[PDB]
Structure formats: C-alpha cells, structure tokens
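Data first, discussion second: the structure below is written as structure tokens.
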Amino acid sequence: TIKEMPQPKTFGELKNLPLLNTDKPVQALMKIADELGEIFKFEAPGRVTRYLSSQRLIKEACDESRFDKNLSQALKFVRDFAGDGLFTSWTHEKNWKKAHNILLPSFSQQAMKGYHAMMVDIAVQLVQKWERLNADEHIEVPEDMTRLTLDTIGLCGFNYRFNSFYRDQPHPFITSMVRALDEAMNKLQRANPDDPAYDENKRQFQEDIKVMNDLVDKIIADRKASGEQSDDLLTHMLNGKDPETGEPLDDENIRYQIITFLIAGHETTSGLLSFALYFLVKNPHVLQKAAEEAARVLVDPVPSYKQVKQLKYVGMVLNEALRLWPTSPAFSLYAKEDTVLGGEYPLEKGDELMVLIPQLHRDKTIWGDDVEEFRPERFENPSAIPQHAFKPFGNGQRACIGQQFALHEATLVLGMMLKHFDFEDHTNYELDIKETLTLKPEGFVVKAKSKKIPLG
Ligand code: HEM
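Mapped onto UniProt numbering, the consecutive letters of the sequence shown carry residue numbers 2 to 457.
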C-alpha cells in the first residue's frame, strides 16, 4: 500500500534549497520534521534526499545489507582536504577498508589505556587555566573545550603540541584548518561559486590546504627519519599492515587520516563537553549528583584510566547531552539496491536518505513524552534502549571510529571539572545553537569557583 511522502515548500527551480538558506539549517529541518512527520522529501537543484526521523524507519535504514554510507555534498567538499581518509571515503574504496582494518584496534576501549596519559596532560592544562583565573573573570566554554580537544587529538594523534592554552591566536595549522572547514561549509549555500567575488576564497582555501599538508607531511617525515616510537596513532599507522593484503598505509593516506581525526573529532567532542556543562548548570540537582560521584571516584591527584571507567553517572550525563543535541546531527545513506522502506516507500538503487539524529532522539514512542527534559537516568540500563534508537555516533561499519576516544576524553575532563570547581551560570545563558559541520552552544559562558583541591 504505497504512501506518497510529504515535502516542504518549493520555490520553482530552486525547489526546497531556499529553506536551508539560514544559519541554522538542522534546527529548521527539525521544525519541518515536527510538521511533516517521520519522513519527508527534500529537493535542491540536481538533488533529492529523504529525511528520516522515526526509529521505525531509521532502524531499516541502518540495515547494512540494504543501505550504505553516502558522501553528502558537505563530505565531498571536506574531501578537498580530508582526501581518502576514513570519514570522506566510500566504503568500496580500497583505502577505506585498508585503513579501517589497520586502525580499528588502535581505537578500541582497550587502546584508550595507551592514550590516557596524553589526555590527562591536556586536561590538567585546562583545569590549571581555570584555577588561575582571577575573581572578576569568566570562562568561554566552547572556546576552551575546543582548545582542549584540538590539543588532545594533536598529542594522541601525532605527538605534536599545538599549545593552544599558551595563545590568544591559534597555532597556524588550526587557523588554516578552521578556515578550510568554514569555506567547505560555506560552499553549500553559494549559488554562483564561479563568481569572481570568490577568487579570494579559492586562493585562501588552497593556501590553507597547503599549510595543513605541509605541517603533517613534515611530522610524518621527521618521525620516519628518527625511528622514534610513541604512544600515538601515527606510530600505529607507520607500523601497521592491513591483515587482508599485508599492505601498510602510504604516507599520503596517513596524512589524510591525521587531518581527518582533527576534523572529525575536535568540534563534535568539544560541543559534547559544552552541551553537557550547559545541561549541568541548568539542572543543579543533576550537577550535584555528578559532582558527588566525581568526588567519590577521583581520589588521586591525577585520574587513572580505571577511575574514568567508574564515572558511570558522568557517562550517563554525556549520553543524555548526546541524546538532546548530537553534535554531528545528520548522516547520509544510499540504497544499495531497489527496496521498499517501511512497507510504503519504494526506493531505487542509489536513492539517498538522511538520518536526522536530533529528531530520532525525540521519538516519543521510544523515549516517552518528556523527550525535551534532561534526565541522565534514561541511560541507567543501556540494555533497555532499542537497537538503532540512540545513534550519535552513526551506524555499523561506518560508525564513528573515535567513539571510545571521544567518550574517554569527555568523561575524564567532565569528571575533573566536577571534582575541581563549583559552577555558576552567571549570565543566565540563553541557549543559542550555532551550526557548522557540527553543533555547539554559542556564547555559553560560566564562572568557576575552585574547590581548592590539589591537582598532581
Ligand atoms: C562526541 C564526539 C563525536 C561524535 C558525536 C562523532 C560522530 C560521528 C558520526 C555521526 C560519524 C558517522 C558519519 C557519517 O555517517 O557520515 C563519525 C565518523 C567518524 N568519526 Fe566521529 N564523532 C565524534 C568524535 C570523533 C573523534 C574524537 C574522532 C577521532 C579520534 C572521530 C573520528 C571519526 C572517523 C575517522 C569517522 C569515520 C569512520 C569511518 O567511516 O570509517 N570521531 N563520527
């Protein structure tokens, strides 16, 4: 019984594109979803996709025998500097499976034991920065979380120190990377890209790509020359061999993986830490519960890997922040073969689907009617959550390879913040979600009063 699907307002030849001509497209899509339901068609010039919001349909979309990851236009633009790294490659590209096989072990929960010391190094820098603020000062949350995540990924990724806490202006690589990502995201909403008015953007874009490649290529070359072995991903990549073929990743691909870790993990993880602190200061009883656990568990001057694993409630707080505002809000899929979705929507080979994660996470048939409330206790027993109901890290073999790294980092840092400071929402901050490739609470600021507990 084929059902025709909904579609928002069209604009002649422009189709639906004008509707995303806003600074907050995902939040706009969420409203369209509220209006049209679990599935709606969305067209742009020369493009068509279908946005899914219900767990019932998304669970079918997550069947890998039927759908595979699609490279959205955003990922195609990011590929200009992320290359055939894991995030911007097709599943069928030789280098995707090769890098996946080599890197998977280096990203397991067990492997986090090896990155822990480096994560603690940067976390201690963040805590010390806040301990050193004077009384009249405050904290710019996303800004400091981003300094932390970029530096942590640089240190664990290739033993390089961006030293973000020593600067007002970021290290040149960071400025170039951030500018390159911004340019890639800006191309999504510029009709006449060839307009000479964009010749300066193109020149700057090529310059930024060169800054990124030059630094990373240099570090790879310096490492191969010295023969030094470290606890970073670069050592794993220089020494790894794909079990299927016996081939190692070549230097160019290693460079793209390094750039990819920074691109894929810096903003998503800092956004998660920022949203989590936002929900905590807005819900004092929850912050109190989380602070009590941190004080009980983190009994040493420096957290150990095992202690971070015991911060169960902090982990629930992070999952609930990811439920409400998953920081990489949507992912794209294509139909591998002709198929019918949900018994009513026929699809043809190659047809695209978009999983709208914030909406999936607000499916009342799964979570209950109080979906807008921040309640970490929803994650008390993970086994009760239906398959494919909670997907902040994507799906299947193309799910986030950095999930254990991101959660270890976030749990460690949030635990240390809760152990060391009391927090004040001194401006009664009004949530304003800024959208780029990711989501974050723009302008979120707080004041942190030290509990004066030694940090080893
Ligand atoms: C809470 C923070 C994070 C979130 C929410 C997140 C989310 C995601 C999502 C949704 C995908 C799937 C994208 C798609 O289907 O197109 C993904 C892929 C990926 N993420 Fe993350 N991520 C986070 C942190 C990280 C970190 C810290 C790293 C690096 C240490 C990382 C590395 C990657 C890579 C390499 C892929 C592509 C994997 C593959 O396709 O083989 N992510 N991530």
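All residues carry an ideal CB built from backbone N, CA and C; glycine is no exception.
Boundaries (first-last residue) of the alpha helix (DSSP H) holding residue i
i, result
"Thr261", "252 to 283"
"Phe174", "173 to 187"
"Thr246", "Counting along the chain, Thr246 falls outside any alpha helix (DSSP H), and DSSP gives it neither H nor E."
"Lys114", "113 to 132"
"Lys365", "365 to 368"
"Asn240", "234 to 240"
DSSP three-state assignment for residue i, whether helix, strand or coil
i, result
"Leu149", "helix"
"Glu321", "helix"
"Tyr430", "coil"
"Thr50", "strand"
"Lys60", "helix"
"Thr412", "helix"
"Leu87", "coil"
"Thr340", "strand"
"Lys25", "coil"
"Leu334", "strand"
"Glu436", "strand"
"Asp423", "strand"
"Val142", "helix"
"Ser329", "coil"
"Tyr314", "helix"
"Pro393", "coil"
"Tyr167", "helix"
"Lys77", "helix"
Check: residue i C-beta below 7 angstroms from any heavy atom of the ligand PLP
i, result
"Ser333", "Summarising the ligand content, the structure contains the ligand HEM and does not contain the ligand PLP."
Proximity test, residue i beta-carbon vs the ligand HEM heavy atom, cut-off 7 angstroms
i, result
"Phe406", "yes"
"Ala83", "no"
"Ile402", "yes"
"residue 530", "There is simply no residue 530 to check, as the chain begins at 2 and stops at 457 in what is shown."
"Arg399", "yes"
"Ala265", "yes"
"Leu87", "yes"
"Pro359", "no"
"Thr236", "no"
"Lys70", "yes"
"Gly395", "yes"
"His101", "yes"
"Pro327", "yes"
"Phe375", "no"
"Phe159", "no"
"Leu440", "no"
"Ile154", "yes"
"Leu413", "no"
"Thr261", "yes"
"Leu273", "yes"
"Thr269", "yes"
Run of the beta strand (DSSP E) containing residue i, from where it starts to where it stops
i, result
"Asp69", "68 to 70"
"residue 480", "An answer regarding residue 480 cannot be provided, because it is not within the stretch 2 to 457 covered by the chain."
"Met355", "353 to 357"
"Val300", "Unbroken run through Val300: none, as it is neither H nor E."
"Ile40", "40 to 45"
"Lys225", "Looking at the DSSP string, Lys225 is not in any beta strand (DSSP E); the run it does join, the alpha helix (DSSP H), is 200 to 227."
"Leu15", "First-last for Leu15: undefined, no H or E at that position."
"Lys441", "440 to 442"
"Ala100", "Looking at the DSSP string, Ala100 is not in any beta strand (DSSP E); the run it does join, the alpha helix (DSSP H), is 95 to 104."
"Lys448", "446 to 451"
Check whether the region 292 to 301 touches the region 187 to 197, counting contact only when three or more Cβ pairs, one atom from each stretch, lie closer than 8 angstroms.
Taking 8 angstroms as the limit for Cβ pairs, the verdict is that the region 187 to 197 does not touch the region 292 to 301.
Does the region 217 to 236 come close enough to the region 77 to 88 that 3 or more CB-CB pairs lie under 8 angstroms?
At 8 angstroms Cβ cutoff, the stretches do not touch.
With three or more beta-carbon pairs closer than 8 angstroms as the criterion, would you say the region 141 to 150 touches the region 219 to 230?
The answer is no - the region 219 to 230 does not touch the region 141 to 150, with fewer than three Cβ pairs under 8 angstroms.
Assess, as a yes-or-no matter, whether the region 200 to 214 is touched by the region 62 to 77 under the definition of 3 or more beta carbon pairs within less than 8 angstroms.
No: the two stretches stay apart, fewer than three of their Cβ pairs being nearer than 8 angstroms.
Any 3 or more C-beta pairs closer than 8 angstroms across the region 4 to 17 and the region 43 to 55:
Flag = yes, the region 4 to 17 and the region 43 to 55 touch.
Touching by the beta-carbon criterion (3+ pairs, under 8 angstroms), the region 272 to 291 and the region 418 to 426:
Yes, the region 272 to 291 touches the region 418 to 426.
At least three beta-carbon pairs within less than 8 angstroms, the region 403 to 415 to the region 113 to 125
Per the Cβ contact rule, the region 403 to 415 is in contact with the region 113 to 125 (3 or more Cβ pairs under 8 angstroms).
Touching or not, the region 348 to 366 and the region 31 to 39, by the rule of three or more beta carbon pairs under 8 angstroms?
Verdict: yes, contact present.
Three or more C-beta pairs under 8 angstroms: does that hold for the region 253 to 272 against the region 440 to 450?
Yes, the region 253 to 272 is in contact with the region 440 to 450.
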